[PDB]
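# Commentary on secondary and tertiary structure
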Amino acid sequence: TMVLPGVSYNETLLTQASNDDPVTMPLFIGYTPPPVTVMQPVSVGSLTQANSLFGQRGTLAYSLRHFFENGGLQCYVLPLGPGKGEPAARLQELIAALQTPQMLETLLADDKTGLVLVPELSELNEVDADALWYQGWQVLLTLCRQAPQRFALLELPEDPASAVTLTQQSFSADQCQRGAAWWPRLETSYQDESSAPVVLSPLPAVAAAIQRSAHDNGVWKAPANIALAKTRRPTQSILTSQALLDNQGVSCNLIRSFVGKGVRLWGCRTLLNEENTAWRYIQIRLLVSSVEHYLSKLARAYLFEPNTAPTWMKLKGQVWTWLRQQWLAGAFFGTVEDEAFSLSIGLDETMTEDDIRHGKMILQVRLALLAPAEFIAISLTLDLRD
Amino acid sequence: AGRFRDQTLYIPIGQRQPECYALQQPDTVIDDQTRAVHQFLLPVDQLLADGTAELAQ
Amino acid sequence: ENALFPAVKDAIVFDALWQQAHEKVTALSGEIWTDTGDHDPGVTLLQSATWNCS
Amino acid sequence: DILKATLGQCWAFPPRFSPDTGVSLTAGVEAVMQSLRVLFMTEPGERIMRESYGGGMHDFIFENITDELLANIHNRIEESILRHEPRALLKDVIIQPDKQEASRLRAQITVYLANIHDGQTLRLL
Amino acid sequence: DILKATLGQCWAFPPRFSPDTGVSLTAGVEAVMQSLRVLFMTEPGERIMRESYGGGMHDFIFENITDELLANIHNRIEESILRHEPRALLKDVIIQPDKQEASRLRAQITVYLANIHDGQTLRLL
Amino acid sequence: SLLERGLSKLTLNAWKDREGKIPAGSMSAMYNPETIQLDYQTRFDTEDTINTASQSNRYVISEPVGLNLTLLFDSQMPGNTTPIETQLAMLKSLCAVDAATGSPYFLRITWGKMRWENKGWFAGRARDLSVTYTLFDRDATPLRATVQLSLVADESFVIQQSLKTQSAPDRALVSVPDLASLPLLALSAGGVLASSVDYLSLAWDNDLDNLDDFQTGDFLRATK
């Protein structure tokens, strides 16, 4: 009478809680779509939550739809405000907002994400464009250098000799180490409210391929050889623009399409164009920072302990156990343990008595990592035999 | 009543071929013998195109 | 649809055309162009031209 | 001369054309080696109406040399010589990473044209 | 346009009639979702000469969320999509009690149109 | 788990017809089996062909999935007050020939979260049953049972027809990728239907103009 218990119908979202994986968590830093707080990062769960917060049409809204339809697990969005309009002015207030010291108080006091991404620098293609591109990268490459474990996801402009002049620009070695560019911008299958297709940056498709091939295969594998789901084609192929093959700038990653298989990510190699330093190869930078994230989790468990020799060996025994299990899981190179990793805490091994009295506890880890199979050098031998 | 499902589309033989011979960019990277098969395929391409051209007239 | 397609569907489907071309080159040459596998280049060129003819 | 007769004659894999000599032709034992470069440089789907034909080595390009990979390369080579080139057996295929400038896998494929070593006991304990 | 062709056209579930436009019609992918609201809002016996047709969710209305219930809801949904709606697969159905103002079961039914996660070892002991 | 810690027993529902229209009795059995077992088996026969080109073996019939399951009843412990003959008057009845029609009862075994062969229930009829009473009383009320059930697969015809239309329902609706071709689009349409869809029929059914008409994102309908 008072109540009628029965079967209803509604489209509310139940949601899911905590996907962890802080190292491969993307962070989208576009402008708010036209009641989230103007600065705090917002946990976006499924694609239903991305529409219930941010609508369906925009620039950040299509990048979230292209994130979860490429196999993304969870994303965070850092809003910035209801931007102006006249998009040559939104896109120099975007860079000016990212240079504020209030960006550092939100990225350093975050500890939930690990892939910095601004997908709205793709709008610079419409639009000095070169000046805006270089202080678009270099602002992102310093927010990650400063932060303990963040990786930038960058992109090149479509026009060659504007993407050539960006790679032939000065970036310090410390900064290159942590950030990557994928060149060909993606033509999606989303309508633009008319017959014409929506062209998005490749980077929401990349950040979904990074954290699903780190969830499925492990973060040590590679982010490449991944079929991009809901893309028609990359807007430009490498057979029509032989620029960017000039070996005089930062390493770039190519997104291509094949015949028997679709649009593939076809590279994993950081902005370091150095042949011997193993801080190229994205999965090397993301594996060793996934070991930073856990070994510093059990290090600060033994933090406000005495500096006596028992607590040094309580810490080696826990780190040696964990590193041996990851070697037997396939994460490190080496057919014996002596060439896979090493630990060396001690009083006259790493520390000294002056280091102990200042309250330090210094532990050394050496690692041996795996190399990709980027080139297959087939040979044929006849072997006559009568 | 008419329909007009007609065309002007033609696909040359050289891009039927797999990606170890050609489709390399024009007169920049090929080396005067990878252009020799371009000229080998030119009369065959236009003899295949004349059927399309006569068909559309 | 006066269209010829159910009438000629067993003559334009690239296996009939390829065996007509393959027997033709087997007849014209035949002790000069002896290997006809899918690994000779001229075989691939001719069968691609056959696909465009179909 | 008889190897040129029994093993067929066909064109060269980079098609070289001249007005003096019409088509350059590889024959005999060189024709079997020419077909093996065709197989592993082709990829399945790249030949129209022949989609089975291909080596398929683009499956292994970002795959971590971890020795699950080197067994997959050994089986893909051995199978594709069975299916598409039964004119040449297989002896052994040895795959090594390049020691200088790594992340290059080098495979030596040895073909044919188609005892327990008792001496080691005198050099052990 | 082809989804409107392959998936049939039918009327809307609340019958909306106008003198300007005769009957409002749901077509294509929206027609499959319209039929799924019909199935779980119907109850077996409520359609004359069609007594098999119904979702049957009135069986579960005073039943204590104790997780014997949530398996019975999962099987009643999965079976009734098999029997009465084979135009749409089933992906997963997730049932949660409502945290604010409890004694409401919320089921999200996800359909289709019709690997062991190795990364977790680096975040465990 | 995830809400509470009460047990979920197994329930043996019975019908009379192949479908679920006519319900017979339905019991839930205490003291869960500890172990189930469902055995699949497929019979093959070797081709003794004279031509000796190939070695192969045909597919003849797939034997029905059989389920083995062992129960136990007991009524003398002071929580157990229902006599076990009232609980065995249903297993002996439902796993035997019914008086109405002269057939078995088309049982359906179910457990709270256990998913049988690919469904949430296990249909079928009882091949075997053996009760072996081991303890008694002075007047011999039994009060210890040890039942040894064994069933077969036998699903209904409406469920088996519904699972067939969920795989290749005689239309494909194949999307085209970038850098596509009709021999590849026929292999991707011949895998949705498993019927070798012979590319010249694709360009005729979809009104293609020149065998390369699709443009990287449009769909092609393939029937049979």
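Looking at the method and resolution fields of the entry, one finds cryo-EM and 3.1 Å.

This part takes up the nonpolar core. Residue and element names in this part refer to chain A. Among the nonpolar cores identified, the biggest contains 62 residues, and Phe28, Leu64, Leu153, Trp182 and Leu323 are the most heavily contacted of them. Residues from two domains meet in this core; each of domain 1 (19–280) and domain 2 (281–371) gives at least three. Aside from chain neighbours lying at most four places away, what touches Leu64 is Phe28, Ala50, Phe54, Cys75 and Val77. If you look at the next biggest cluster of nonpolar residues, it comprises 39 residues, including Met103, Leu121, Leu156 and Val250.

Considering only enclosed or pocket space, the largest cavity measures out at about 120 Å³ in volume. Among the elements of the structure, β5 (107–110) and β6 (122–124) of chain F are those that each provide at least two residues to the lining of the largest cavity. Residues of the lining of the largest cavity, tallied by class, amount to five nonpolar, three polar and seven charged. Empty space within the second largest cavity amounts to approximately 70 Å³. In this structure, the second largest cavity is lined by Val23, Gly114, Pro148, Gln149, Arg150, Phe151, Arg178, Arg285, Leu286, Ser289 and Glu292 of chain A.

This part is about the packing of helix α1 (residues 47–54) of chain A against helix α2 (residues 60–68) of chain A. Residues and elements named next belong to chain A. Following both chains from N to C, one finds α1 and α2 inclined at 175°, their axes separated by 9 Å at the closest point. Between α1 and α2, the angle falls in the class roughly antiparallel. Every residue of α2 that contacts α1 at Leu47, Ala50, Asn51 and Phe54 is listed here: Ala61, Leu64, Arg65 and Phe68. Residue composition of the contact of α1 with α2, grouped by class: six nonpolar, one polar and one charged.

We now examine the pairing of strand β6 (residues 179–182) of chain A. Residue and element names in this part refer to chain A. Residues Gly179 and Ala181 point to one face of β6 and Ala180 and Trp182 to the other, with burial holding for every one of them. The sheet contact formed by strand β5 (residues 151–155) and β6 spans four bridges and is parallel. Within the sheet, the bridge partner assigned to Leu153 lies in β6 and is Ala180.

Okay, the arrangement of the chains next. Most contacts, among the 11 pairs of chains that meet, fall between chains A and D. Left apart from each other, chain A and chain C have a closest C-alpha approach of 16 Å. One finds no contact between chain C and chain E; the C-alpha atoms of the two approach each other to within 22 Å at their closest.

This part takes up the layout of surface pockets. By volume, the second largest pocket is sized at about 1,800 Å³. Forming the boundary of the second largest pocket are 48 residues, of which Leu245, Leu254, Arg256, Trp266 and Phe375 of chain A lie nearest the centre. Those elements that provide at least two residues to the lining of the second largest pocket are α6 (164–167), β10 (254–257) and β14 (375–381) of chain A together with α2 (29–41) of chain D. Tallying contributions element by element places β14 of chain A first for the lining of the second largest pocket, with five residues.

Before going further, it helps to spend a moment on the interface of chain C and chain F. Across the contact, nine residues belong to chain C and five residues belong to chain F. Taken together, both faces of the contact between chain C and chain F bury some 730 Å²; the carbon and sulfur share is 75%. Put simply, chain C and chain F have zero salt bridges between them. The interface formed by chain C and chain F contains one residue pair in polar contact. Along the lines of polarity and charge, the residues of the side of chain C that touches chain F split into six nonpolar, one polar and two charged.

Reading guide: rules and limits
The scheme used for residues numbers each chain from 1 in its written sequence order. That scheme is not guaranteed to match the entry numbering, and residues without coordinates are omitted from view. Lettering of chains starts at A and numbering of ligands starts at 1, both following the order in which they are written. What you see is one piece of a larger assembly, and the values refer to that piece, not the whole. To get the side-chain values, take all heavy atoms of the structure and skip hydrogens and water. Take the buried residues of types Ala, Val, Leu, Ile, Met, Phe, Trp, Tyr and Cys, join any two whose side-chain atoms come within 4.5 Å, and each joined set is a nonpolar core. Only protein chains enter the accessibility calculation, which uses a 1.4 Å probe; a residue whose area is less than 20% of its type maximum is buried, one above 50% is exposed, and one in between is partly exposed. The domain boundaries here were taken from an automatic or database domain assignment. Contacts are assigned to residue pairs that have any heavy atoms within 4.5 Å of one another. Here a cavity denotes a set of grid points, spaced 1 Å apart and computed over the protein atoms alone, in which a 1.4 Å probe fits but from which it cannot get out, and a pocket denotes an open set meeting protein on both sides within 12 Å along at least five of seven lines; residues with an atom within 4 Å of a point are reported as lining. Grid points are joined across faces, edges and corners, and a volume is the space filled by probe spheres set on the points. Secondary structure elements are defined from DSSP: runs of H or I of at least 4 residues count as helices, runs of E of at least 2 residues count as strands, and each element is numbered from the N terminus. Residues were grouped as follows: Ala, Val, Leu, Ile, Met, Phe, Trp, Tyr, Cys and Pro as nonpolar; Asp, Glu, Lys and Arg as charged; and all remaining residues, including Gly, as polar. Working convention: axes come from line fits to C-alpha atoms, limited for helices to the stretch in contact. Angles between N-to-C directions cover 0 to 180 degrees. Roughly parallel refers to an angle under 35 degrees, roughly antiparallel to one over 145, roughly perpendicular to one between 65 and 115, and oblique to any angle outside these ranges. Paired strands, as defined in this entry, are two strands with at least two bridges between them according to DSSP. Buried area is calculated as the accessible area (1.4 Å probe) missing from two parts once they are joined, with the contributions of both summed. The salt bridge criterion pairs a side-chain nitrogen of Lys or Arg with a carboxyl oxygen of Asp or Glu, the two atoms within 4 Å. Nitrogen and oxygen atoms within 3.5 Å of one another constitute a polar contact, given that in protein one can donate a hydrogen and the other can accept it, and given that sequence-neighbouring residues count only through two side-chain atoms.

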